[PDB]
Structures are given as structure tokens and as C-alpha cells.
>>> print(open('run_23.cif').read())   # mmCIF, N, CA and C atoms and all ligand atoms
data_final
loop_
_atom_site.label_atom_id
_atom_site.label_comp_id
_atom_site.auth_asym_id
_atom_site.auth_seq_id
_atom_site.Cartn_x
_atom_site.Cartn_y
_atom_site.Cartn_z
N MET H 384 1.04 10.80 -12.42
CA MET H 384 2.12 11.38 -11.63
C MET H 384 2.34 10.63 -10.32
N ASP H 385 1.36 9.81 -9.93
CA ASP H 385 1.37 9.14 -8.63
C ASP H 385 2.09 7.81 -8.63
N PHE H 386 2.22 7.18 -9.77
CA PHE H 386 2.85 5.85 -9.91
C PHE H 386 4.26 5.84 -9.33
N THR H 387 4.92 6.98 -9.22
CA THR H 387 6.29 7.01 -8.69
C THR H 387 6.31 6.83 -7.17
N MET H 388 5.26 7.27 -6.48
CA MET H 388 5.29 7.41 -5.03
C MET H 388 4.83 6.15 -4.30
N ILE H 389 4.82 5.00 -4.96
CA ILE H 389 4.40 3.76 -4.33
C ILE H 389 5.33 2.64 -4.78
N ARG H 390 5.78 1.83 -3.82
CA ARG H 390 6.61 0.67 -4.09
C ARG H 390 6.12 -0.50 -3.25
N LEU H 391 6.38 -1.70 -3.76
CA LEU H 391 6.15 -2.95 -3.04
C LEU H 391 7.50 -3.50 -2.63
N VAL H 392 7.71 -3.65 -1.32
CA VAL H 392 9.03 -3.86 -0.75
C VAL H 392 9.08 -5.23 -0.10
N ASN H 393 10.18 -5.96 -0.30
CA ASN H 393 10.48 -7.17 0.46
C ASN H 393 9.67 -8.36 0.00
N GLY H 394 9.18 -8.33 -1.23
CA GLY H 394 8.52 -9.48 -1.81
C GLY H 394 9.50 -10.31 -2.62
N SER H 395 8.95 -11.34 -3.27
CA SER H 395 9.71 -12.13 -4.23
C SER H 395 10.11 -11.32 -5.46
N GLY H 396 9.54 -10.14 -5.64
CA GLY H 396 9.77 -9.33 -6.82
C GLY H 396 9.01 -8.04 -6.67
N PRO H 397 9.26 -7.06 -7.58
CA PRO H 397 8.61 -5.76 -7.45
C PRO H 397 7.10 -5.79 -7.67
N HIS H 398 6.53 -6.97 -7.90
CA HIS H 398 5.08 -7.13 -8.03
C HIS H 398 4.41 -7.49 -6.71
N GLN H 399 5.16 -7.57 -5.62
CA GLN H 399 4.66 -8.12 -4.37
C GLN H 399 5.46 -7.55 -3.21
N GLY H 400 4.78 -7.32 -2.10
CA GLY H 400 5.45 -7.01 -0.86
C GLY H 400 4.65 -6.03 -0.03
N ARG H 401 5.31 -5.56 1.03
CA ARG H 401 4.79 -4.50 1.88
C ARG H 401 4.60 -3.22 1.08
N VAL H 402 3.44 -2.60 1.24
CA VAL H 402 3.10 -1.38 0.52
C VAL H 402 3.77 -0.21 1.20
N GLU H 403 4.59 0.53 0.45
CA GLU H 403 5.23 1.74 0.96
C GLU H 403 4.89 2.87 0.01
N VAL H 404 4.48 4.00 0.57
CA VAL H 404 4.17 5.20 -0.20
C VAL H 404 5.16 6.29 0.18
N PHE H 405 5.42 7.18 -0.77
CA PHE H 405 6.27 8.33 -0.53
C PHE H 405 5.41 9.55 -0.25
N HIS H 406 5.61 10.16 0.91
CA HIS H 406 4.88 11.36 1.26
C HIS H 406 5.78 12.26 2.08
N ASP H 407 5.60 13.56 1.90
CA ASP H 407 6.31 14.58 2.66
C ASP H 407 7.73 14.14 2.97
N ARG H 408 8.46 13.71 1.93
CA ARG H 408 9.91 13.60 1.99
C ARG H 408 10.36 12.21 2.37
N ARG H 409 9.47 11.26 2.70
CA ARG H 409 9.93 10.01 3.27
C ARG H 409 8.97 8.90 2.88
N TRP H 410 9.49 7.68 2.89
CA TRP H 410 8.70 6.49 2.66
C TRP H 410 8.06 6.05 3.97
N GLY H 411 6.83 5.57 3.88
CA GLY H 411 6.08 5.11 5.04
C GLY H 411 5.14 4.01 4.62
N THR H 412 4.69 3.24 5.61
CA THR H 412 3.89 2.06 5.34
C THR H 412 2.40 2.41 5.38
N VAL H 413 1.57 1.39 5.16
CA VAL H 413 0.12 1.52 5.15
C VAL H 413 -0.47 0.48 6.09
N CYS H 414 -1.40 0.91 6.94
CA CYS H 414 -2.00 0.02 7.93
C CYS H 414 -3.05 -0.87 7.28
N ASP H 415 -3.25 -2.05 7.86
CA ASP H 415 -4.14 -3.06 7.31
C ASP H 415 -5.60 -2.88 7.71
N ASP H 416 -5.92 -1.93 8.59
CA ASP H 416 -7.31 -1.74 9.00
C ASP H 416 -8.18 -1.47 7.78
N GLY H 417 -9.04 -2.42 7.43
CA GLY H 417 -9.84 -2.25 6.24
C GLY H 417 -9.08 -2.44 4.95
N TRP H 418 -7.92 -3.09 5.01
CA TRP H 418 -7.14 -3.38 3.82
C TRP H 418 -7.73 -4.60 3.13
N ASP H 419 -8.24 -4.42 1.91
CA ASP H 419 -9.02 -5.44 1.23
C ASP H 419 -8.65 -5.45 -0.25
N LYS H 420 -9.42 -6.19 -1.04
CA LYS H 420 -9.06 -6.42 -2.44
C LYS H 420 -9.35 -5.22 -3.32
N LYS H 421 -10.28 -4.35 -2.93
CA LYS H 421 -10.47 -3.10 -3.66
C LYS H 421 -9.21 -2.25 -3.61
N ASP H 422 -8.68 -2.04 -2.40
CA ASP H 422 -7.43 -1.29 -2.26
C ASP H 422 -6.29 -1.99 -2.99
N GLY H 423 -6.22 -3.31 -2.88
CA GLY H 423 -5.18 -4.05 -3.58
C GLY H 423 -5.25 -3.86 -5.08
N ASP H 424 -6.47 -3.90 -5.63
CA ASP H 424 -6.65 -3.67 -7.06
C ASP H 424 -6.17 -2.28 -7.45
N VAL H 425 -6.52 -1.27 -6.65
CA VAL H 425 -6.10 0.09 -6.96
C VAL H 425 -4.57 0.18 -6.98
N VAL H 426 -3.93 -0.36 -5.98
CA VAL H 426 -2.45 -0.32 -5.84
C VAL H 426 -1.82 -1.08 -7.00
N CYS H 427 -2.37 -2.22 -7.38
CA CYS H 427 -1.72 -3.01 -8.41
C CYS H 427 -1.91 -2.40 -9.79
N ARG H 428 -3.01 -1.67 -10.00
CA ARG H 428 -3.23 -1.06 -11.31
C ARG H 428 -2.53 0.29 -11.45
N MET H 429 -2.36 1.06 -10.37
CA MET H 429 -1.57 2.28 -10.49
C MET H 429 -0.10 1.97 -10.77
N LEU H 430 0.37 0.78 -10.42
CA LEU H 430 1.74 0.38 -10.69
C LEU H 430 1.91 -0.28 -12.05
N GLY H 431 0.83 -0.62 -12.74
CA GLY H 431 0.91 -1.15 -14.09
C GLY H 431 0.59 -2.62 -14.23
N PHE H 432 0.19 -3.29 -13.17
CA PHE H 432 -0.18 -4.72 -13.22
C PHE H 432 -1.67 -4.79 -13.57
N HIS H 433 -2.09 -5.76 -14.36
CA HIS H 433 -3.49 -5.97 -14.78
C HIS H 433 -4.44 -6.22 -13.60
N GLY H 434 -4.00 -6.87 -12.53
CA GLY H 434 -4.93 -7.02 -11.40
C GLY H 434 -4.20 -7.32 -10.12
N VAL H 435 -4.95 -7.64 -9.08
CA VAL H 435 -4.41 -8.00 -7.77
C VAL H 435 -4.66 -9.49 -7.53
N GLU H 436 -3.62 -10.18 -7.10
CA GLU H 436 -3.72 -11.59 -6.76
C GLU H 436 -4.09 -11.80 -5.29
N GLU H 437 -3.62 -10.93 -4.40
CA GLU H 437 -3.88 -11.17 -2.99
C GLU H 437 -3.51 -9.94 -2.17
N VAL H 438 -4.21 -9.77 -1.05
CA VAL H 438 -3.87 -8.77 -0.04
C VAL H 438 -3.50 -9.51 1.24
N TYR H 439 -2.62 -8.90 2.01
CA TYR H 439 -2.11 -9.49 3.25
C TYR H 439 -2.17 -8.45 4.37
N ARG H 440 -2.59 -8.84 5.55
CA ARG H 440 -2.54 -8.00 6.73
C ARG H 440 -1.41 -8.47 7.64
N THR H 441 -1.25 -7.78 8.76
CA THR H 441 -0.34 -8.20 9.82
C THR H 441 1.08 -8.44 9.29
N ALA H 442 1.56 -7.50 8.50
CA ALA H 442 2.96 -7.44 8.08
C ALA H 442 3.42 -8.79 7.53
N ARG H 443 2.67 -9.33 6.61
CA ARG H 443 3.03 -10.49 5.79
C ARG H 443 4.48 -10.42 5.33
N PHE H 444 4.93 -9.26 4.89
CA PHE H 444 6.26 -9.07 4.34
C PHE H 444 7.15 -8.28 5.30
N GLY H 445 7.03 -8.58 6.58
CA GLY H 445 7.85 -7.94 7.59
C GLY H 445 7.34 -6.55 7.94
N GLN H 446 7.85 -6.04 9.06
CA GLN H 446 7.46 -4.74 9.56
C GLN H 446 8.32 -3.66 8.91
N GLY H 447 7.66 -2.67 8.31
CA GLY H 447 8.35 -1.48 7.88
C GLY H 447 8.91 -0.74 9.07
N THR H 448 9.52 0.42 8.82
CA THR H 448 10.00 1.28 9.89
C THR H 448 9.56 2.71 9.58
N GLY H 449 9.82 3.62 10.50
CA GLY H 449 9.55 5.04 10.27
C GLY H 449 8.09 5.36 10.32
N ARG H 450 7.51 5.94 9.30
CA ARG H 450 6.14 6.41 9.42
C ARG H 450 5.11 5.50 8.78
N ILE H 451 4.02 5.17 9.46
CA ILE H 451 2.84 4.59 8.79
C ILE H 451 2.11 5.84 8.27
N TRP H 452 2.02 6.04 6.97
CA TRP H 452 1.46 7.25 6.39
C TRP H 452 -0.04 7.19 6.19
N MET H 453 -0.61 6.01 5.90
CA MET H 453 -2.03 5.87 5.59
C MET H 453 -2.68 4.84 6.50
N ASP H 454 -3.95 5.09 6.83
CA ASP H 454 -4.75 4.21 7.67
C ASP H 454 -6.20 4.32 7.22
N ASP H 455 -6.97 3.26 7.46
CA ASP H 455 -8.40 3.22 7.12
C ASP H 455 -8.62 3.48 5.63
N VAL H 456 -7.82 2.83 4.79
CA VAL H 456 -7.86 3.03 3.35
C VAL H 456 -9.13 2.38 2.80
N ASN H 457 -10.00 3.13 2.16
CA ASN H 457 -11.32 2.64 1.74
C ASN H 457 -11.50 2.95 0.27
N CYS H 458 -10.73 2.29 -0.55
CA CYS H 458 -10.86 2.41 -2.00
C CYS H 458 -12.18 1.80 -2.46
N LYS H 459 -12.79 2.42 -3.47
CA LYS H 459 -13.92 1.79 -4.13
C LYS H 459 -13.48 0.61 -4.99
N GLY H 460 -12.22 0.62 -5.44
CA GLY H 460 -11.69 -0.38 -6.34
C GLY H 460 -11.60 0.07 -7.77
N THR H 461 -12.02 1.30 -8.06
CA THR H 461 -12.03 1.83 -9.41
C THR H 461 -10.94 2.85 -9.67
N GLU H 462 -10.24 3.30 -8.61
CA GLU H 462 -9.42 4.49 -8.67
C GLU H 462 -8.17 4.29 -9.52
N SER H 463 -7.66 5.40 -10.05
CA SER H 463 -6.43 5.40 -10.82
C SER H 463 -5.20 5.44 -9.92
N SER H 464 -5.32 6.07 -8.75
CA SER H 464 -4.24 6.19 -7.79
C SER H 464 -4.79 5.90 -6.41
N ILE H 465 -3.98 5.24 -5.58
CA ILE H 465 -4.43 4.98 -4.21
C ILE H 465 -4.76 6.29 -3.50
N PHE H 466 -4.02 7.36 -3.80
CA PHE H 466 -4.21 8.63 -3.10
C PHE H 466 -5.53 9.30 -3.47
N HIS H 467 -6.19 8.85 -4.54
CA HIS H 467 -7.55 9.30 -4.83
C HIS H 467 -8.59 8.60 -3.96
N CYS H 468 -8.19 7.55 -3.24
CA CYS H 468 -9.10 6.83 -2.37
C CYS H 468 -9.38 7.63 -1.11
N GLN H 469 -10.52 7.33 -0.49
CA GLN H 469 -10.79 7.84 0.85
C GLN H 469 -9.91 7.10 1.85
N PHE H 470 -9.18 7.85 2.66
CA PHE H 470 -8.35 7.25 3.70
C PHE H 470 -8.13 8.30 4.78
N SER H 471 -7.30 7.94 5.77
CA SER H 471 -7.03 8.81 6.90
C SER H 471 -6.36 10.09 6.43
N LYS H 472 -6.14 11.02 7.35
CA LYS H 472 -5.19 12.09 7.07
C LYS H 472 -3.78 11.54 7.15
N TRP H 473 -2.88 12.19 6.43
CA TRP H 473 -1.51 11.72 6.35
C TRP H 473 -0.92 11.56 7.74
N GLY H 474 -0.39 10.37 8.01
CA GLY H 474 0.32 10.10 9.24
C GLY H 474 -0.55 9.94 10.47
N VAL H 475 -1.87 10.00 10.34
CA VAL H 475 -2.77 9.87 11.47
C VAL H 475 -3.33 8.45 11.44
N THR H 476 -2.75 7.57 12.25
CA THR H 476 -3.20 6.19 12.34
C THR H 476 -3.32 5.78 13.80
N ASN H 477 -4.10 4.72 14.02
CA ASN H 477 -4.19 4.04 15.30
C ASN H 477 -3.56 2.65 15.21
N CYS H 478 -2.39 2.55 14.57
CA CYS H 478 -1.76 1.27 14.27
C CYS H 478 -0.30 1.24 14.70
N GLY H 479 0.26 0.03 14.66
CA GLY H 479 1.68 -0.19 14.75
C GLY H 479 2.18 -0.91 13.51
N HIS H 480 3.48 -0.84 13.23
CA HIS H 480 4.01 -1.47 12.02
C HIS H 480 3.70 -2.96 11.96
N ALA H 481 3.37 -3.58 13.09
CA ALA H 481 2.90 -4.97 13.08
C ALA H 481 1.70 -5.15 12.17
N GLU H 482 1.07 -4.05 11.75
CA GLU H 482 -0.13 -4.09 10.92
C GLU H 482 0.13 -3.60 9.50
N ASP H 483 1.40 -3.56 9.08
CA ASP H 483 1.73 -3.03 7.76
C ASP H 483 1.15 -3.92 6.67
N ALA H 484 0.40 -3.30 5.76
CA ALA H 484 -0.31 -4.04 4.74
C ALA H 484 0.62 -4.47 3.61
N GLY H 485 0.29 -5.60 3.00
CA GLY H 485 1.02 -6.07 1.86
C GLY H 485 0.07 -6.54 0.75
N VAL H 486 0.66 -6.72 -0.43
CA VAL H 486 -0.08 -7.20 -1.60
C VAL H 486 0.80 -7.98 -2.56
N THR H 487 0.14 -8.87 -3.30
CA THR H 487 0.72 -9.55 -4.44
C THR H 487 -0.13 -9.23 -5.66
N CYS H 488 0.50 -8.65 -6.69
CA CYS H 488 -0.18 -8.24 -7.91
C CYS H 488 -0.09 -9.33 -8.99
N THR H 489 -0.96 -9.21 -9.99
CA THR H 489 -0.97 -10.13 -11.12
C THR H 489 0.23 -9.83 -12.01
N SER H 490 1.12 -10.80 -12.16
CA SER H 490 2.34 -10.62 -12.94
C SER H 490 2.59 -11.85 -13.79
N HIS H 491 3.21 -11.63 -14.94
CA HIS H 491 3.61 -12.71 -15.85
C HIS H 491 5.10 -12.56 -16.12
N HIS H 492 5.90 -13.41 -15.49
CA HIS H 492 7.35 -13.22 -15.39
C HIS H 492 8.09 -13.54 -16.70
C1 LIG D 1 10.37 -9.44 4.73
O1 LIG D 1 11.54 -8.88 5.23
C2 LIG D 1 11.53 -8.92 6.67
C3 LIG D 1 12.76 -8.16 7.11
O2 LIG D 1 13.01 -7.09 6.22
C4 LIG D 1 11.48 -10.37 7.17
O3 LIG D 1 11.27 -10.34 8.58
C5 LIG D 1 10.36 -11.16 6.50
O4 LIG D 1 10.45 -12.55 6.82
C6 LIG D 1 10.38 -10.95 4.99
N1 LIG D 1 9.29 -11.66 4.35
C7 LIG D 1 9.48 -12.78 3.63
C8 LIG D 1 8.26 -13.40 3.05
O5 LIG D 1 10.59 -13.25 3.45
CA CA D 2 -5.30 -4.00 12.15
CA CA D 3 -7.40 2.40 11.87
CA CA D 4 -10.52 -0.88 2.11
#
>>> encode(input="run_23.cif", output="C-alpha cells")
Amino acid sequence: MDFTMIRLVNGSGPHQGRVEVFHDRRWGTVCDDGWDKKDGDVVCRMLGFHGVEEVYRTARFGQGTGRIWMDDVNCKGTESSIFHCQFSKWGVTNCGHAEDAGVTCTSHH
């Protein structure tokens, strides 16, 4: 049910870009604090890609706007949905959009 609430925005394709999640009525970004390959793997597999090619910090794919919804995302790397990962409370971050996390997933075009 969670695969709908996550998109990769502003990449070369829907397999890559700034991570945006849908929560409480609106799209919001994810902070890079502790953004690593475990989290990237979780995000890329909940969307249907076989693996993660790369994670990016410091708004690799430009700065989102509006709400940063997640911070301190600490996935084990095994999860079915990013929201099953340990992370901040919704909307409680110590970040700015300059820190919006991005990813590139494994894709075969
Ligand atoms: C992502 O889009 C933003 C503006 O929406 C832009 O500043 C940035 O350069 C883009 N990233 C790439 C890799 O083109
Ligand atoms: Ca940071
Ligand atoms: Ca933080
Ligand atoms: Ca992490």
C-alpha cells in the first residue's frame, strides 16, 4: 500500500531523483542526515527496482519545497517500505531543503 506514497523527482527518469514522500495531504522531501545505501535500497525496492545504484546528499537533484517530512532515516536495508524504517517523527527535522536526499535506482531502460 506504501509504493504509491513515494516518488523520485527531477532525475533523468522515474528511477532517479530527489526522494519525495506523500504524508498528511502533501508531498515533502527527506533529509540526508544518515542517508545511506541501506535507505536507498529500501526506497528502490519499494518502488519495484531490483536494487540501488547510488545515494546522494546535499540536494543532488535540486532543492524541494514545502515540507521535509522525514529526517534521521535509519533503515536496516531489509524493509519492504521506507515507512517501516526507524526515522524521525513526521515533519520533525533539523534540516533545510539544501539537504534533500536523492537516489538513483537500478534500472534497465
Ligand atoms: C533538479 O531540478 C532543479 C530545479 O527543479 C535544478 O536546480 C537541478 O539542477 C536539477 N538537477 C539536475 C541534475 O538537472
Ligand atoms: Ca545533512
Ligand atoms: Ca537530523
Ligand atoms: Ca540511514
>>> residues_near_ligand(input="run_23.cif", ligand="ligand CA 4 (chain D)", cutoff="9 Å", atoms="only C-alpha atoms and all ligand atoms", output="list in words")
residues 415, 416, 417, 418, 419, 420, 421, 422, 423, 455, 456, 457, 458, 459, 460, 469 and 470 of chain H
>>> residues_near_ligand(input="run_23.cif", ligand="ligand CA 2 (chain D)", cutoff="10 Å", atoms="only C-alpha atoms and all ligand atoms", output="PyMOL selection string")
chain H and resi 414-418+440-442+454-455+477-484
>>> closest_residue(input="run_23.cif", among="H:475, H:453, H:490, H:384", to="residue 412 (chain H)", atoms="all atoms listed in the file")
H:453
>>> residues_around(input="run_23.cif", residues="region 394-409 of chain H", least_positions_apart="5", cutoff="6 Å", atoms="only C-alpha atoms", output="PDB file with N, CA and C atoms, in the coordinates of the input")
ATOM      1  N   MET H 388       5.260   7.270  -6.480  1.00  0.00           N
ATOM      2  CA  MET H 388       5.290   7.410  -5.030  1.00  0.00           C
ATOM      3  C   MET H 388       4.830   6.150  -4.300  1.00  0.00           C
ATOM      4  N   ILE H 389       4.820   5.000  -4.960  1.00  0.00           N
ATOM      5  CA  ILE H 389       4.400   3.760  -4.330  1.00  0.00           C
ATOM      6  C   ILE H 389       5.330   2.640  -4.780  1.00  0.00           C
ATOM      7  N   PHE H 444       4.930  -9.260   4.890  1.00  0.00           N
ATOM      8  CA  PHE H 444       6.260  -9.070   4.340  1.00  0.00           C
ATOM      9  C   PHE H 444       7.150  -8.280   5.300  1.00  0.00           C
ATOM     10  N   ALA H 484       0.400  -3.300   5.760  1.00  0.00           N
ATOM     11  CA  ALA H 484      -0.310  -4.040   4.740  1.00  0.00           C
ATOM     12  C   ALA H 484       0.620  -4.470   3.610  1.00  0.00           C
ATOM     13  N   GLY H 485       0.290  -5.600   3.000  1.00  0.00           N
ATOM     14  CA  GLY H 485       1.020  -6.070   1.860  1.00  0.00           C
ATOM     15  C   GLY H 485       0.070  -6.540   0.750  1.00  0.00           C
ATOM     16  N   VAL H 486       0.660  -6.720  -0.430  1.00  0.00           N
ATOM     17  CA  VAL H 486      -0.080  -7.200  -1.600  1.00  0.00           C
ATOM     18  C   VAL H 486       0.800  -7.980  -2.560  1.00  0.00           C
ATOM     19  N   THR H 487       0.140  -8.870  -3.300  1.00  0.00           N
ATOM     20  CA  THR H 487       0.720  -9.550  -4.440  1.00  0.00           C
ATOM     21  C   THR H 487      -0.130  -9.230  -5.660  1.00  0.00           C
ATOM     22  N   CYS H 488       0.500  -8.650  -6.690  1.00  0.00           N
ATOM     23  CA  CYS H 488      -0.180  -8.240  -7.910  1.00  0.00           C
ATOM     24  C   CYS H 488      -0.090  -9.330  -8.990  1.00  0.00           C
TER      25      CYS H 488
END
>>> residues_near_ligand(input="run_23.cif", ligand="ligand LIG 1 (chain D)", cutoff="6 Å", atoms="only N, CA and C atoms and all ligand atoms", output="list in words")
residues 393, 443, 444, 445 and 446 of chain H
>>> closest_residue(input="run_23.cif", among="H:386, H:489, H:465, H:439", to="residue 426 (chain H)", atoms="only N, CA and C atoms")
H:465
>>> select_by_dssp(input="run_23.cif", residues="chain H", states="strand (DSSP E or B)", output="PyMOL selection string")
chain H and resi 389-393+399-406+409-414+435-439+450-453+457+469+483+485-488
>>> select_by_dssp(input="run_23.cif", residues="chain H", states="helix (DSSP H, G or I)", output="VMD selection string")
chain H and resid 386 to 388 420 to 429 465 to 467 480 to 482
>>> write_last_selection(input="run_23.cif", atoms="N, CA and C atoms", output="compact mmCIF listing (two decimals), in the coordinates of the input")
# COMPACT_ATOMS: atom_id res chain seq x y z
N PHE H 386 2.22 7.18 -9.77
CA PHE H 386 2.85 5.85 -9.91
C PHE H 386 4.26 5.84 -9.33
N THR H 387 4.92 6.98 -9.22
CA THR H 387 6.29 7.01 -8.69
C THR H 387 6.31 6.83 -7.17
N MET H 388 5.26 7.27 -6.48
CA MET H 388 5.29 7.41 -5.03
C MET H 388 4.83 6.15 -4.30
N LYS H 420 -9.42 -6.19 -1.04
CA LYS H 420 -9.06 -6.42 -2.44
C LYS H 420 -9.35 -5.22 -3.32
N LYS H 421 -10.28 -4.35 -2.93
CA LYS H 421 -10.47 -3.10 -3.66
C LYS H 421 -9.21 -2.25 -3.61
N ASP H 422 -8.68 -2.04 -2.40
CA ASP H 422 -7.43 -1.29 -2.26
C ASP H 422 -6.29 -1.99 -2.99
N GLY H 423 -6.22 -3.31 -2.88
CA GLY H 423 -5.18 -4.05 -3.58
C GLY H 423 -5.25 -3.86 -5.08
N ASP H 424 -6.47 -3.90 -5.63
CA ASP H 424 -6.65 -3.67 -7.06
C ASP H 424 -6.17 -2.28 -7.45
N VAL H 425 -6.52 -1.27 -6.65
CA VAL H 425 -6.10 0.09 -6.96
C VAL H 425 -4.57 0.18 -6.98
N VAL H 426 -3.93 -0.36 -5.98
CA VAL H 426 -2.45 -0.32 -5.84
C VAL H 426 -1.82 -1.08 -7.00
N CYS H 427 -2.37 -2.22 -7.38
CA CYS H 427 -1.72 -3.01 -8.41
C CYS H 427 -1.91 -2.40 -9.79
N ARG H 428 -3.01 -1.67 -10.00
CA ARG H 428 -3.23 -1.06 -11.31
C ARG H 428 -2.53 0.29 -11.45
N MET H 429 -2.36 1.06 -10.37
CA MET H 429 -1.57 2.28 -10.49
C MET H 429 -0.10 1.97 -10.77
N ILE H 465 -3.98 5.24 -5.58
CA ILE H 465 -4.43 4.98 -4.21
C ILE H 465 -4.76 6.29 -3.50
N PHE H 466 -4.02 7.36 -3.80
CA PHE H 466 -4.21 8.63 -3.10
C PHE H 466 -5.53 9.30 -3.47
N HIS H 467 -6.19 8.85 -4.54
CA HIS H 467 -7.55 9.30 -4.83
C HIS H 467 -8.59 8.60 -3.96
N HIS H 480 3.48 -0.84 13.23
CA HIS H 480 4.01 -1.47 12.02
C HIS H 480 3.70 -2.96 11.96
N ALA H 481 3.37 -3.58 13.09
CA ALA H 481 2.90 -4.97 13.08
C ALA H 481 1.70 -5.15 12.17
N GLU H 482 1.07 -4.05 11.75
CA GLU H 482 -0.13 -4.09 10.92
C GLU H 482 0.13 -3.60 9.50
>>> closest_residue(input="run_23.cif", among="H:472, H:428, H:450, H:390", to="ligand CA 3 (chain D)", atoms="only C-alpha atoms and all ligand atoms")
H:472
>>> closest_residue(input="run_23.cif", among="H:473, H:467, H:385, H:391", to="residue 427 (chain H)", atoms="only C-alpha atoms")
H:391
>>> closest_residue(input="run_23.cif", among="H:425, H:438, H:413, H:468", to="ligand CA 3 (chain D)", atoms="only C-alpha atoms and all ligand atoms")
H:413
>>> atom_distance(input="run_23.cif", atom1="CA of residue 471 (chain H)", atom2="CA of residue 451 (chain H)")
10.9 Å
>>> atom_distance(input="run_23.cif", atom1="CA of residue 474 (chain H)", atom2="atom N of residue 392 (chain H)")
18.8 Å
>>> atom_distance(input="run_23.cif", atom1="atom N of residue 437 (chain H)", atom2="atom N of residue 411 (chain H)")
21.2 Å
>>> closest_residue(input="run_23.cif", among="H:410, H:452, H:432, H:466", to="ligand CA 3 (chain D)", atoms="only C-alpha atoms and all ligand atoms")
H:452
>>> axis_aligned_box(input="run_23.cif", around="region 425-441 of chain H", padding_each_side="6 Å", output="JSON")
{"center_x": -2.3, "center_y": -4.8, "center_z": -2.5, "size_x": 20.4, "size_y": 26.1, "size_z": 36.6}
>>> build_atoms(input="run_23.cif", residues="region 442-457 of chain H", atoms="N, CA, C and O atoms", output="compact mmCIF listing (two decimals), in the coordinates of the input")
# COMPACT_ATOMS: atom_id res chain seq x y z
N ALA H 442 1.56 -7.50 8.50
CA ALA H 442 2.96 -7.44 8.08
C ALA H 442 3.42 -8.79 7.53
O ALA H 442 4.40 -9.39 7.99
N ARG H 443 2.67 -9.33 6.61
CA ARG H 443 3.03 -10.49 5.79
C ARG H 443 4.48 -10.42 5.33
O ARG H 443 5.16 -11.42 5.37
N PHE H 444 4.93 -9.26 4.89
CA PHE H 444 6.26 -9.07 4.34
C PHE H 444 7.15 -8.28 5.30
O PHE H 444 7.94 -7.44 4.89
N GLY H 445 7.03 -8.58 6.58
CA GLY H 445 7.85 -7.94 7.59
C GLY H 445 7.34 -6.55 7.94
O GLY H 445 6.53 -5.95 7.25
N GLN H 446 7.85 -6.04 9.06
CA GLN H 446 7.46 -4.74 9.56
C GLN H 446 8.32 -3.66 8.91
O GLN H 446 9.55 -3.72 8.97
N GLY H 447 7.66 -2.67 8.31
CA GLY H 447 8.35 -1.48 7.88
C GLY H 447 8.91 -0.74 9.07
O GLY H 447 8.79 -1.19 10.22
N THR H 448 9.52 0.42 8.82
CA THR H 448 10.00 1.28 9.89
C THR H 448 9.56 2.71 9.58
O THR H 448 8.90 2.97 8.57
N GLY H 449 9.82 3.62 10.50
CA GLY H 449 9.55 5.04 10.27
C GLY H 449 8.09 5.36 10.32
O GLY H 449 7.50 5.10 11.31
N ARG H 450 7.51 5.94 9.30
CA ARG H 450 6.14 6.41 9.42
C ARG H 450 5.11 5.50 8.78
O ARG H 450 5.38 5.01 7.73
N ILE H 451 4.02 5.17 9.46
CA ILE H 451 2.84 4.59 8.79
C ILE H 451 2.11 5.84 8.27
O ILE H 451 1.70 6.63 9.04
N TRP H 452 2.02 6.04 6.97
CA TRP H 452 1.46 7.25 6.39
C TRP H 452 -0.04 7.19 6.19
O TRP H 452 -0.70 8.24 6.26
N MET H 453 -0.61 6.01 5.90
CA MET H 453 -2.03 5.87 5.59
C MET H 453 -2.68 4.84 6.50
O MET H 453 -2.06 3.84 6.87
N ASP H 454 -3.95 5.09 6.83
CA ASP H 454 -4.75 4.21 7.67
C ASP H 454 -6.20 4.32 7.22
O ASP H 454 -6.62 5.33 6.64
N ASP H 455 -6.97 3.26 7.46
CA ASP H 455 -8.40 3.22 7.12
C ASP H 455 -8.62 3.48 5.63
O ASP H 455 -9.51 4.24 5.24
N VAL H 456 -7.82 2.83 4.79
CA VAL H 456 -7.86 3.03 3.35
C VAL H 456 -9.13 2.38 2.80
O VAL H 456 -9.32 1.16 2.92
N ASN H 457 -10.00 3.13 2.16
CA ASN H 457 -11.32 2.64 1.74
C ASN H 457 -11.50 2.95 0.27
O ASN H 457 -12.29 3.79 -0.07
